[PDB]
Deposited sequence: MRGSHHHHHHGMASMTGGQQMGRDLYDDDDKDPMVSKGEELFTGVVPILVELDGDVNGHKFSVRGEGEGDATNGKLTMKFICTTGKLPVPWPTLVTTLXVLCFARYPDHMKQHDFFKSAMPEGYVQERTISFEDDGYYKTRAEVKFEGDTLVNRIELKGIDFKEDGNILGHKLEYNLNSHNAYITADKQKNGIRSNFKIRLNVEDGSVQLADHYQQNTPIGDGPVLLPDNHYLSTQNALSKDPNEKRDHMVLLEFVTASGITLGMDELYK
């Protein structure tokens, strides 16, 4: 199921300050190397928010988990029925992102269907005003188990590059719960390291983003 290359489909429907938009992405994932190759397309015209603010929202089941940490891989253990990924993202001196996604297998394709909602964003801010650089700094995240909520939690921050040279933080509050509320693997505390590369397709005329992502788990010998 995750031994070789798995095709990926991402569907995002959301709106920020009432500005509706949709994003569709296609690609493939390689969990053996924690590698992800995707191409996202804004199917409603121009994206009202910068692409770097949607990378974390747009599939941790493809993260590289070494053998000694296979007993702590919640994302793969919930497959193929899948899990739910809820997030509350708070942007520094700006609005909030509220997302809910379902990551499961629909046939031979790993599907991530998301619903986003941004509340009370400044129309002249860095988000709605498109003042961020086309980059995403590397970051780590602490993963902990939630025996009471029958899932896992994760709180981490992202450093976004502003075009004026400054740095804007985005506090992420993540919660994952298996689809169906069935028996869940409770992992020990560990870390997830991410590396992202954002580029453009020289033949694509629509608003899009090409992404090369590398996710690796660590913290348990």
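What are the unmodelled segments when the structure is compared with the full deposited sequence, in sequence order? Coordinates drop out over 1-40, 99, 263-270.
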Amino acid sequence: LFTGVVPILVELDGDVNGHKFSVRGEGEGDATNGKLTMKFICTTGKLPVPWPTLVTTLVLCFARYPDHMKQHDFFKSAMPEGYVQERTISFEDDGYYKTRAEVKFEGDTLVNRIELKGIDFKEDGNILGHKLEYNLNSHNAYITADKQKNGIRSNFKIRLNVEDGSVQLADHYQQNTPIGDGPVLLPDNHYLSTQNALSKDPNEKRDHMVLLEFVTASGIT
From here on, numbers count along this sequence of modelled residues.
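Quick check on the record: does 175-183 or 24-32 carry the larger mean Cα temperature factor? Averaging CA B-factors over each stretch, the winner is 175-183.
If you average the Cα B factors in the entry, which is higher, 11-19 or 193-201? That would be 11-19.
Most elevated Cα B-factor in the entry, residues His130, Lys98, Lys76, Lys122: In the PDB entry, the greatest C-alpha B-factor among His130, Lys98, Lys76, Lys122 is found at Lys122.
Top Cα B factor in the deposited entry, candidates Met69, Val55, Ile41, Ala170: Largest recorded C-alpha B-factor: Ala170.
C-alpha B factor of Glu106, ranked within the chain: lowest, middle or highest third? It belongs to the highest third of the chain when residues are ordered by C-alpha B-factor.
Going by the entry, which third of its chain does the Cα temperature factor of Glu115 land in? Middle third by C-alpha B-factor.
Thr88 by Cα B-factor - lowest, middle or highest third of the modelled chain: It belongs to the lowest third of the chain when residues are ordered by C-alpha B-factor.
Which third of the chain does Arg153 land in by C-alpha B-factor: lowest, middle or highest? Lowest third, going by the recorded CA B-factors of the chain.
Ranking the modelled residues of this chain by C-alpha B-factor as given in the entry, is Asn126 in the lowest, middle or highest third? Lowest third, going by the recorded CA B-factors of the chain.
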